[PDB]
Amino acid sequence: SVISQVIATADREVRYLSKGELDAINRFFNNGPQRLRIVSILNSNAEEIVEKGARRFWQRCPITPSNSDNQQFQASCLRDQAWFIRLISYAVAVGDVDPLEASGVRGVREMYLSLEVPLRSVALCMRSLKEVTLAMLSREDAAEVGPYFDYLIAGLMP
Amino acid sequence: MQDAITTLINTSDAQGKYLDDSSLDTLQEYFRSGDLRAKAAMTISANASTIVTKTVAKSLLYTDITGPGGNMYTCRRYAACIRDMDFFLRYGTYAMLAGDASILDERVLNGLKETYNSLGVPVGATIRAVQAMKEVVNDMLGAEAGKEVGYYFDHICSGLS
Amino acid sequence: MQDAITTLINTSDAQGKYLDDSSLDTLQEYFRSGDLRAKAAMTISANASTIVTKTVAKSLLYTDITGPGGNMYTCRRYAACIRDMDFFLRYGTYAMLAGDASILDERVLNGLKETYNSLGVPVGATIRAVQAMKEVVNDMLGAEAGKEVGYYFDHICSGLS
Amino acid sequence: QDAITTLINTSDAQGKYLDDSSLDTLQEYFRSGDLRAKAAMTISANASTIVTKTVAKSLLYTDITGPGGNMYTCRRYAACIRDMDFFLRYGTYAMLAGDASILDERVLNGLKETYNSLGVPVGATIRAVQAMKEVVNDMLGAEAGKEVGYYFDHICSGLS
Amino acid sequence: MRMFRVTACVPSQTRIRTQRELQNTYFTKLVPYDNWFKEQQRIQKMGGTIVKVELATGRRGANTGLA
Amino acid sequence: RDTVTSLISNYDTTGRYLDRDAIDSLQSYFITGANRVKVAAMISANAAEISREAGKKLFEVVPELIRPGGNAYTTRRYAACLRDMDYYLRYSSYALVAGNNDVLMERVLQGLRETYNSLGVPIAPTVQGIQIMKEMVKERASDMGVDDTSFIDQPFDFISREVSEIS
Amino acid sequence: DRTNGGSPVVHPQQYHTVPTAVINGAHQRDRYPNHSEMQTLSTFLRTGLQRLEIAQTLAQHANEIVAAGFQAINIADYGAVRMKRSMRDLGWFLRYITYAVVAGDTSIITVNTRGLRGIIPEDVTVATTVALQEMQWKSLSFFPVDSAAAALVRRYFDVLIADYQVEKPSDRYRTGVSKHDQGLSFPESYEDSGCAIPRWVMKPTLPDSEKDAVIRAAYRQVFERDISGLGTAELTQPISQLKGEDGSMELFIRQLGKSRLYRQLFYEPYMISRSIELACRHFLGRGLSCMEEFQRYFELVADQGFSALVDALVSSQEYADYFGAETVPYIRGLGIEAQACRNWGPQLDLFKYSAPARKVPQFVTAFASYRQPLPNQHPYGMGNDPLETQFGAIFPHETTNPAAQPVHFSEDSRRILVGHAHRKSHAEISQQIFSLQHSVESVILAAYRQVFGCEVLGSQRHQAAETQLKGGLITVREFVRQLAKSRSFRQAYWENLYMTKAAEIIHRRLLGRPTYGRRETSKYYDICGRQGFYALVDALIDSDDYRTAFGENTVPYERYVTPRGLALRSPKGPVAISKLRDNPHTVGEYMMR
Amino acid sequence: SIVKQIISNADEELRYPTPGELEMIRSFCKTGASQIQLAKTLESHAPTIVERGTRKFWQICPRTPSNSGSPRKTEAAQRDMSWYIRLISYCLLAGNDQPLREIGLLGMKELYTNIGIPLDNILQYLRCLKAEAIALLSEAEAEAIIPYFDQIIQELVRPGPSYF
Ligand SMILES: *[C@@H](C)[C@H]1/C(=C/c2[nH]c(/C=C3N=C(/C=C4\NC(=O)C(CC)=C4C)C(C)=C\3CCC(=O)O)c(CCC(=O)O)c2C)NC(=O)[C@@H]1C
Ligand SMILES: *[C@H](C)[C@H]1/C(=C/c2[nH]c(/C=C3N=C(/C=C4\NC(=O)C(CC)=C4C)C(C)=C\3CCC(=O)O)c(CCC(=O)O)c2C)NC(=O)[C@@H]1C
Ligand SMILES: *[C@H](C)[C@H]1/C(=C/c2[nH]c(/C=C3N=C(/C=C4\NC(=O)C(CC)=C4C)C(C)=C\3CCC(=O)O)c(CCC(=O)O)c2C)NC(=O)[C@@H]1C
Ligand SMILES: *[C@H](C)[C@H]1/C(=C/c2[nH]c(/C=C3N=C(/C=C4\NC(=O)C(CC)=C4C)C(C)=C\3CCC(=O)O)c(CCC(=O)O)c2C)NC(=O)[C@@H]1C
Ligand SMILES: *[C@H](C)[C@H]1/C(=C/c2[nH]c(/C=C3N=C(/C=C4\NC(=O)C(CC)=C4C)C(C)=C\3CCC(=O)O)c(CCC(=O)O)c2C)NC(=O)[C@@H]1C
Ligand SMILES: *[C@H](C)[C@H]1/C(=C/c2[nH]c(/C=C3N=C(/C=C4\NC(=O)C(CC)=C4C)C(C)=C\3CCC(=O)O)c(CCC(=O)O)c2C)NC(=O)[C@@H]1C
Ligand SMILES: *[C@H](C)[C@H]1/C(=C/c2[nH]c(/C=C3N=C(/C=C4\NC(=O)C(CC)=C4C)C(C)=C\3CCC(=O)O)c(CCC(=O)O)c2C)NC(=O)[C@@H]1C
Ligand SMILES: *[C@H](C)[C@H]1/C(=C/c2[nH]c(/C=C3N=C(/C=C4\NC(=O)C(CC)=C4C)C(C)=C\3CCC(=O)O)c(CCC(=O)O)c2C)NC(=O)[C@@H]1C
Ligand SMILES: CCC1=C(C)/C(=C/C2=NC(=C\c3[nH]c(/C=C4\NC(=O)C(C)=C4CC)c(C)c3CCC(=O)O)/C(CCC(=O)O)=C2C)NC1=O
Ligand SMILES: [Cl-]
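Chains as they are written, first to last, in the deposited numbering: chain I, 2 to 159; chain D, 1 to 161; chain H, 1 to 161; chain R, 2 to 161; chain S, 1 to 67; chain J, 2 to 168; chain K, 3 to 71, 149 to 515, 539 to 695; chain C, 2 to 165.
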């Protein structure tokens with residue numbers, strides 16, 4: 002969130018929250034309800050987002066552990082899609098990527114290397130998830146949500 | 001560093017003068033470019049690795065700078081060049097989003113030329129590849145925001161020449 | 001760090017005499033085990049990433065330790081567990097190549113129980129993961145070298161105990 | 002400590018009498034107390050039923066109850082059911098006292114270390130505890146449940 | 001190991017040094033290769049004008065043997 | 002962690018999505034945010050007055066601290082105590098902006114009792130002065146026009162509760 | 003409620019005398035005081051005659067001095160409290176002048192006076208300086224001003240007036256180095272009171288002895304002690320590159336860090352985390368501020384070794400901000416900068432010269448376990464928890480390898496213990512009971551193996567109690583009490599033991615379970631401290647828990663343990679914590695479909 | 002500025018600016034026209050505030066180096082105060098307090114104690130300017146610029162705000 006880091010910045014160069022930072026968090030508090038309503042829409046659409054995104058991911062990437070004949074790998078992948086959607090809704094609710102960075106970006110590359118799951122394939126799945134979510138959301142709702150998808154993708158795009 | 005707002009404030013403050021109408025309209029232009037500058041910065045943040053991959057593919061691969069005796073031979077040097085490119089792209093993102101290229105002047109171009117001449121890193125291939133990166137971001141961002149980040153890619157190219 | 005030769009010399013130096021005959025017999029045992037020690041360390045060095053991967057796959061995946069509220073949730077913590085297993089494997093390989101578990105006591109075991117209780121890291125699940133690692137390392141080197149390094153894995157489990 | 006005791010201890014460190022805002026918090030406790038005693042009555046009456054529906058809605062028919070699972074081996078299912086009784090009774094203590102000090106003083110100290118030494122799944126326990134919170138909320142109304150679930154979330158936060 | 005001979009002057013812009021915290025800023029310093037990238041970034045972060053970077057030790061184009 | 006990130010982290014650790022209780026709590030915090038920013042502004046404008054006058058009131062009510070036996074006798078210790086007052090006021094204002102005591106948890110209560118026992122600093126005048134700060138910010142918030150003084154009540158009470166002993 | 007980082011003994015310096023400053027300088031240079039420092043001490047002790055008699059005459063005439071002490152204010156308009164504070168301040172200023180005269184240093188005046196311009200309401204500062212000038216005039220009026228020490232009294236009063244005329248001096252700031260690092264502020268009075276620390280700056284044109292002093296201070300910072308006298312400091316190429324025109328103090332700090340001397344001292348005997356904390360001491364002059372700093376360091380060491388950690392510490396922004404290029408790192412403690420409360424205990428145990436005496440990493444344990452609930456620990460720390468073996472009171476020594484995590488439990492807090500009753504079964508725990539295992543002799547032997555976990559020698563047999571129980575004169579409970587009141591039991595569990603440790607181990611042997619909380623432990627410790635050992639034994643045998651569990655005819659047995667005890671009693675791990683995944687399929691080996 | 006602080010914080014961690022930083026930038030750019038108009042009101046009305054504040058401060062405090070007979074000290078006092086309001090307008094346009102701190106709070110007390118101006122009289126003069134700026138501009142436009150007046154004020158009341 003912007004408010005935690007502006008607190009940390011005021012803490013570092015020791016002072017109080019100056020008036021410009023106060024207007025910044027005022028605009029954050031004013032934009033709160035819209036983030037809440039789009040979070041509610043994402044919670045309503047999360048399951049169908051996972052289904053359509055997995056279908057498009059297998060269309061755009063058939064050689065994957067999820068698309069193999071092993072359904073444990075497919076179930077783990079679908080669980081991963083749902084988990085990243087939940088974390089992205091967390092990021093939308095917070096207004097920055099702090100739940101996303103804390104839970105599913107920091108160390109996600111090391112995990113999927115330890116799982117041998119190709120991180121380009123996860124990035125493509127999150128691309129398809131982004132397309133499904135932007136299709137399922139309004140233009141301004143897409144404008145809010147798509148950056149968090151971009152930041153989840155870029156966290157594994159390597 | 002300086003951004004657009006800080007260079008305007010600095011130019012007025014080094015004169016004992018409030019910001020004037022030309023400065024207020026220049027700051028207005030900055031404010032109305034802010035939305036697409038933020039969107040372009042997010043697009044680059046998403047696609048940085050792809051940018052660097054395509055840039056090195058179309059400007060620096062399958063030439064003798066890659067094979068034996070080349071400067072990009074011996075994989076640690078290729079990785080050093082790729083690190084240089086991630087830094088170039090992120091600092092161009094900083095310059096384009098901040099509105100001023102002063103971040104480039106005080107964190108790239110100070111020291112970069114003498115380091116490259118100290119190491120034998122060819123500046124001309126660096127500049128050609130950096131403008132290929134500019135062309136890539138032109139290709140997949142659009143004409144307007146692509147040119148906006150391309151201005152600071154031009155500054156990186158000029159400051160290395 | 002006291003390896004087998006070093007701790008042997010230390011016993012004889014505290015006793016003040018030269019290495020007695022039985023101590024030379026144990027040093028002969030170490031000196032004829034050293035070739036298979038080097039080969040086992042060679043294979044662990046080659047396949048360390050695979051060993052940790054299959055070990056976590058057989059002891060830490062698909063349990064509630066990886067679900068929400070489990071300690072391996074929140075990807076950075078999964079990576080922390082991977083790097084702890086890497087520390088366990090590399091330091092057990094050091095102890096096997098050295099012929100004594102002093103590197104395990106000094107670099108690993110001397111306060112890891114305090115740190116794991118402080119962080120809330122599962123001690124019992126780490127012990128199960130280390131025994132699973134002993135099984136995995138046992139599987140692709142064979143019985144002799146496998147138990148020779150599983151002694152040090154069991155030492156890790158005893159020091160976590 | 003209970004809510005009155007925390008208020009008295011905050012005042013007594015200053016060495017003064019309870020002030021007006023602390024008197025207002027005393028009013029809040031002294032007009033929540035009736036529904037606290039009623040919720041404690043109903044929870045004491047239906048503790049076994051709450052624990053049963055808790056285990057059913059969260060812990061059953063997953064491999065935690067199967068062979069190899071932590072809740073296999075009937076004595077371990079008994080120990081899990083007994084921990085659930087302890088969690089519900091201590092949540093009732095926290096709700097009646099108004100403070101989670103009884104939770105931190107008798108439940109949460111060394112429980113993470115104990116469970117993690119024994120290998121008890123922490124995340125499954127937090128899941129079952131929130132399920133028990135759902136059971137209490139559903140069969141006591143949101144009116145009562147918004148209090149007891151606060152201490153259940155205290156147990157969940159301390160466990161995680 | 002290959003060394004960089006670096007002359008730079010790094011100014012302070014966030015703190016007033018009282019009388020003892022003042023040290024110097026114009027340093028000429030032998031820099032190891034594996035740290036020179038981070039030292040260049042650090043003295044660019046603090047705002048230093050780097051006036052002189054040369055290769056003190058080692059040659060250019062070394063495929064091996066440079067450390 | 003503010004209220005938003007704390008509640009989000011709790012639901013992340015249990016694996017649930019956002020239910021309507023969370024949406025209501027988040028909207029409640031977002032509505033109270035205007036008052037929180039107003040109090041942060043008044044605090045940033047009158048912080049030196051609030052902290053120093055609370056120190057003065059504490060030394061009037063607890064006379065011994067400025068007396069030679071007390072641990073705020075000389076002006077070195079007096080300035081150290083007033084700087085501690087500014088510390089408490091600044092981090093309580095941070096918590097007022099955030100609405101959560103995580104900032105206090107990690108940056109005020111992270112060893113305060115150990116420091117105050119090492120230096121001989123009395124705990125109970127420290128929390129008495131914290132309460133004087135809280136009553137001061139309460140009364141100039143009421144004069145400023147903020148009817149809900151509940152928000153500004155909580156960080157000082159949290160610091161007092163975590164710092165004070167058990168009688 | 004939260005775990006304790008330790009409250010170490012701290013002595014904050016309020017000022018400096020003349021001997022304290024000289025000894026501080028000599029100590030901070032690691033040497034005997036030299037001839038000019040000797041002349042400092044001897045000349046000040048020579049003037050001590052004049053200084054003590056000046057203080058004598060000023061204290062003797064203090065009443066008239068402050069009676070004598149712009150627009151003179153009115154008593155009624157000013158207020159009674161403010162008049163009282165005016166008189167108190169005036170007598171206080173005179174007292175501190177005499178304090179300075181005896182101490183021979185104006186550090187007390189300068190520290191306690193310089194930032195007083197606005198503390199005193201600053202509309203009475205003209206009145207304040209006029210009163211101080213009049214006190215100077217009067218003090219010199221009855222102390223003859225021709226060529227005597229009235230010049231000294233004039234100088235000290237002038238210094239007091241000069242300090243008081245100094246307006247608002249800026250507080251020093253320890254700015255936060257990262258988002259996780261809190262920024263701290265620091266009064267200049269606290270800065271000037273703090274002990275002077277030498278700032279060893281090495282310039283290329285320094286003389287050789289000054290350079291060698293800077294080298295020795297670099298050894299004292301990094302290697303914690305002077306190693307130059309030893310032949311281990313043979314680092315002739317790093318020293319030689321450092322002395323002349325190149326290889327500055329930062330590169331030399333890095334070369335000291337990556338040397339095998341540093342590895343032998345602070346990396347070879349330590350795990351990675353303790354090594355990281357010691358490196359933080361030796362290269363930045365401070366401990367770990369926060370957990371996230373430690374995460375950065377630990378991840379970096381995990382993928383790149385400890386030498387890269389040294390490279391990152393000496394290549395950091397904080398290093399160049401404090402120690403720059405050619406300043407030796409110095410320890411940043413109490414009065415050097417503003418201290419955080421976050422790492423107070425670990426960092427004051429780290430700045431102490433006995434920081435290598437601790438092996439368990441103090442910073443990470445405190446930082447992590449503050450964000451965790453209360454641990455399973457005896458209420459008076461973990462040293463009071465004995466080792467759960469058959470026999471032997473084995474407690475962790477507070478001095479030998481201190482692995483101490485202090486924790487405050489409430490009086491009503493209770494320990495969670497793993498009972499053997501719910502575990503296992505019946506006819507599995509009734510094999511370890513030994514009631515009335540029907541032979542008397544076996545019950546005597548089992549009562550021994552409870553009271554002393556192993557069978558004892560003949561000299562430790564309480565044969566009179568054997569005859570009493572074989573005759574039926576006393577029951578099993580009285581026999582256990584007599585065994586616990588035997589001399590050899592006192593030697594085994596009471597004499598060579600800390601008293602609460604002794605009480606806890608006697609409770610474990612006579613009750614078969616650890617204590618629960620401060621209720622029980624407080625009562626036993628109070629009993630054994632006001633009444634003694636036999637009183638505690640009688641109170642434990644006549645404890646209601648003994649009667650409910652072991653009754654009168656049953657030998658005590660272990661019933662509950664700490665969870666650490668079972669973790670010791672399962673070195674292969676617990677039995678079945680989650681179903682294993684024998685013959686699993688992982689990606690990569692599956693993908694080669 | 003806001004973009005300056007975000008770029009510095011992002012380059013510290015060697016990372017691209019997050020979506021929340023870009024939301025902060027876009028919100029500030031949305032309010033940019035409003036803040037420009039705030040600065041416009043400040044530009045128009047600054048000399049009146051300076052002259053009324055200097056008259057009021059001279060009346061409330063005659064023992065003042067500007068109030069001493071020299072014209073250059075007087076001109077320097079007006080110059081300093083107009084410079085401070087200039088930095089406040091800079092703070093309005095940048096979006097944070099960087100151009101007050103960096104261009105005149107950092108090292109200000111020691112600057113004036115080297116100059117010889119008493120800082121309590123500076124505090125009173127700034128209090129006077131704050132009063133006439135409150136009474137002069139408007140109500141809503143005061144809420145944007147008077148907090149920065151409080152920020153420059155709060156740096157010099159701290160030897161100790163006086164009580165009994
Ligand atoms: C009035 C408040 C009481 C009082 C205070 C007092 N404190 C100290 C010294 C210190 N105070 C702190 C505090 C903090 N550091 C932090 O990081 C935090 C959170 C931001 C806090 C609250 C510290 C660390 C110190 C040590 C010195 C330092 O400045 O770093 C003193 C001086 C101690 C001495 O004798 O030297 C005093 C006087 N004293 C009273 O009597 C009041 C009850
Ligand atoms: C799906 C998009 C891709 C894919 C996935 C895949 N994942 C696994 C296994 C795991 N994935 C996780 C995930 C997370 N841990 C976290 O903490 C978070 C963030 C909050 C996430 C998303 C975990 C924990 C596992 C381990 C198994 C478990 O749940 O315990 C697998 C299985 C690998 C194996 O060998 O079992 C797979 C296949 N597969 C694809 O094809 C996609 C690219
Ligand atoms: C073959 C085993 C795998 C594989 C090969 C592959 N490589 C490339 C492209 C390049 N490979 C290199 C390699 C090196 N440069 C060095 O300095 C060193 C050490 C001496 C090495 C090994 C380079 C520089 C390139 C870039 C192209 C160039 O040489 O100019 C490709 C082409 C990829 C593309 O799409 O362009 C391929 C296919 N591919 C596999 O699947 C194998 C596992
Ligand atoms: C890539 C486009 C070209 C290339 C690169 C290359 N660079 C190096 C070594 C260094 N490059 C730098 C870079 C920077 N310094 C700065 O301050 C900035 C920040 C904006 C940058 C980008 C530095 C510091 C080094 C030396 C330290 C280090 O390598 O970490 C090499 C290696 C040279 C060698 O001898 O090993 C290479 C190969 N080479 C090409 O051919 C491209 C045109
Ligand atoms: C993996 C098998 C299990 C697990 C691991 C886990 N560990 C941490 C965190 C840390 N682990 C250590 C360990 C060590 N310190 C040393 O010096 C050595 C070297 C020999 C070791 C092994 C430390 C110090 C930490 C803290 C620093 C860090 O986080 O990297 C975590 C994260 C805890 C947290 O709260 O972030 C985890 C998850 N967890 C399991 O569930 C596995 C059974
Ligand atoms: C059949 C003779 C009687 C009966 C059975 C019944 N059982 C269940 C559910 C469970 N029973 C068990 C059993 C065990 N767990 C253990 O650890 C041991 C030791 C090996 C045993 C015997 C378990 C685990 C379950 C839950 C299912 C699971 O594995 O998760 C039910 C269903 C109850 C419900 O509400 O679903 C039933 C019906 N019912 C009768 O009427 C018979 C007398
Ligand atoms: C049930 C929700 C989960 C579960 C439980 C489980 N617990 C144990 C064993 C113990 N649990 C405790 C805990 C407490 N004792 C107390 O007095 C209190 C009240 C404040 C608590 C919370 C203790 C001390 C034990 C050991 C003694 C005993 O036998 O119960 C087990 C047994 C584990 C084993 O036998 O190895 C189990 C199964 N397990 C799950 O999987 C559920 C998620
Ligand atoms: C003999 C081969 C070596 C040796 C032994 C020695 N031991 C002690 C003292 C104790 N030994 C123990 C051991 C145990 N307690 C248990 O519960 C078990 C099983 C888990 C064992 C093995 C204990 C607790 C003690 C202390 C109390 C007691 O003496 O009963 C000593 C005495 C040392 C002293 O100072 O008391 C000695 C000498 N010494 C050697 O040199 C041999 C290598
Ligand atoms: C050098 C010894 C020393 C002194 C004299 C000192 C000053 C001091 N006096 C102080 C204060 C005052 N001195 C004075 C008075 C004077 N101080 C003087 O020396 C004279 C001549 C005057 C003007 C009449 C007043 C009115 C106060 C107000 C205190 C308040 O604000 O409540 C204080 C604050 C603590 C307290 O109230 O006790 C301090 C710290 N502190 C020190 O360390
Ligand atoms: Cl003298």
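We put the beta carbon where it would ideally sit given N, CA and C, even for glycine.
Counting along the chain, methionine 3 of chain S sits inside no alpha helix (DSSP H); it lies in the beta strand (DSSP E) bounded by residues 3-9.
In the displayed model, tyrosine 346 of chain K falls within coil according to three-state DSSP, outside both helix and strand.
Secondary structure of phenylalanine 265 of chain K (DSSP, three-state): strand.
Nearest neighbour of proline 160 of chain C by Cα position, chosen from K:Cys420, K:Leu173, K:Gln244 and K:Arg615, turns out to be K:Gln244. The way I'd put it, the region 420-427 of chain K doesn't touch the region 299-317 of chain K; fewer than three beta-carbon pairs between them come closer than 8 Å. At a C-beta separation below 9 Å, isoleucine 43 of chain S has no neighbours in chain C, since its nearest C-beta there lies roughly 14 Å away.
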